[PDB]
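*Asks:* Output the structure for:
(2 chains, ligands or ions: 2)
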Amino acid sequence: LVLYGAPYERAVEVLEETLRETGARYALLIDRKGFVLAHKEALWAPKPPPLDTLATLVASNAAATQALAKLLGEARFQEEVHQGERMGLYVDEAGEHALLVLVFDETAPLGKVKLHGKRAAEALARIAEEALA
Amino acid sequence: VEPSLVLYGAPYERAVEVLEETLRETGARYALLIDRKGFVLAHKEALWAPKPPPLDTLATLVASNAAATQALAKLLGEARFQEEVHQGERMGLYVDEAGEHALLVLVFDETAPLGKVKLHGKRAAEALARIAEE
Ligand SMILES: [Mg+2]
Ligand SMILES: [Mg+2]
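*Replies:* Numbers count the residues shown, from 1 in each chain, chains lettered A, B, ... in the order given. Ligands and ions are numbered 1, 2, ... in the order given. Please see the structure below:
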């Protein structure tokens, strides 16, 4: 998967609107190998952790949790939320081959992270499908 | 190797009562307390639920994931994640710390609302942390 030109612009605007609606810090669209396709940071937030590193670790986790999903009777998980004391991550599918990642702190309410995250994942899935066909 | 903690006698009965209560309040299928090596310390299944998947394998895989996501937690400034939800189309899993060395796991389907799973799951995990610490 590779986005450039118009579809890239469109994915970046989705990530921008998603950050405004959720109050999350960083939003990324990544492939399942961990390659960053697009990313946006909230102006107010500090410098993120290295985002390629974050993406590789999220893609490792997505491959690894499939065995557990299969034990529950499904090919893979659709979404996962990992909460620390102060930081959390929401990961959702953007179609078959990509993942939306949102990194948030206590100032994003989780309900919004998940609601606008789902919506963003669907918009990104259309972008990704249209760019792949 | 032995478990990080083993329960017996009254702590055990009390951990089992937490698990049964949590199943009733949440509508979840299976409720387990496990350690970070994958041993099942206590488990309870809802009377209506079918036979679970192999619960020793479920605890092992949850424990493997709990080790593996520490690098990602560290990257975000945390020693490890404190709670995780893995959501499938129909099934889900809620994992929460029960003190330093044990994890509460709840396995649910769409008949358990997620807001109940999390609220009663967090209460269970705190009651189990106490049982564990002592
Ligand atoms: Mg999804
Ligand atoms: Mg907790």
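
*Asks:* Neighbours of the residue in chain A positioned nearest to ligand 2, how many?
*Replies:* Chain A approaches ligand 2 most closely through residue A:83 (8.4 Å), counting by CB to the ion. Heads up, the C-betas are built off the backbone N, CA and C, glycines and all. Per other CB atoms under 10 Å in any protein chain shown, the neighbour tally for residue A:83 reads 19.

*Asks:* who's in contact with it?
*Replies:* The contact partners of residue A:83, taken as CB atoms under 8 Å, 6 or more residues apart in numbering or on different chains, are A:110, B:81-84.

*Asks:* what about the residue in chain A positioned nearest to chain B, how many neighbours?
*Replies:* As assessed by CB to the nearest CB, chain B sits closest to residue A:84 within chain A, at 3.4 Å. By other CB under 10 Å, 19 other residues sit near residue A:84.

*Asks:* same question, the one 4 residues further on
*Replies:* For residue A:88, the neighbour count with other CB under 10 Å is 25.

*Asks:* Same check on residue A:114?
*Replies:* When neighbours are counted by other CB under 10 Å, residue A:114 comes out with 19.

*Asks:* ditto for residue A:52
*Replies:* The tally of other residues near residue A:52 (other CB under 10 Å) stands at 14.

*Asks:* Now do the same contact list for it.
*Replies:* Residue A:52 touches A:34, A:36, counting by CB under 8 Å, 6+ apart.

*Asks:* helix/strand/coil for residue A:99?
*Replies:* strand (DSSP: H, G, I helix; E, B strand; the rest coil).

*Asks:* Tell me what it is bridged to.
*Replies:* residue A:30, residue A:93 (DSSP bridges).

*Asks:* correct me, but it touches residue A:89?
*Replies:* No. Using CB atoms under 8 Å, residue A:99 is not in contact with residue A:89; the gap is 10.8 Å.

*Asks:* shared neighbours of those two, which are they?
*Replies:* Residues touching both residue A:99 and residue A:89 (CB under 8 Å, 6+ apart): residue A:58.

*Asks:* Flag every residue of chain A that's near ligand 1.
*Replies:* Neighbours of ligand 1 within chain A, by CB under 5 Å from the ion: A:78, A:92-93.

*Asks:* top of those residues by neighbour count?
*Replies:* In these, the most neighbours by other CB under 10 Å go to residue A:92, 23 neighbours.

*Asks:* contacting residues around that residue?
*Replies:* Contacts for residue A:92 (CB under 8 Å, 6+ apart) come out as A:78-79, A:99-100, A:117-118, A:121.

*Asks:* Which ones among those lie within strands?
*Replies:* Counting by DSSP state E, the contacts of residue A:92 place A:79, A:99-100 in strands.

*Asks:* What is the longest helix anywhere in chain A packed up against?
*Replies:* As assigned by DSSP state H, the longest helix anywhere in chain A is helix A:110-132. Using 3 or more CB pairs under 8 Å, 6 or more residues apart in numbering or on different chains; DSSP states H and E, the elements in contact with helix A:110-132 are helix A:6-22, strand A:26-31, strand A:79-83, strand A:88-93, strand A:98-104.
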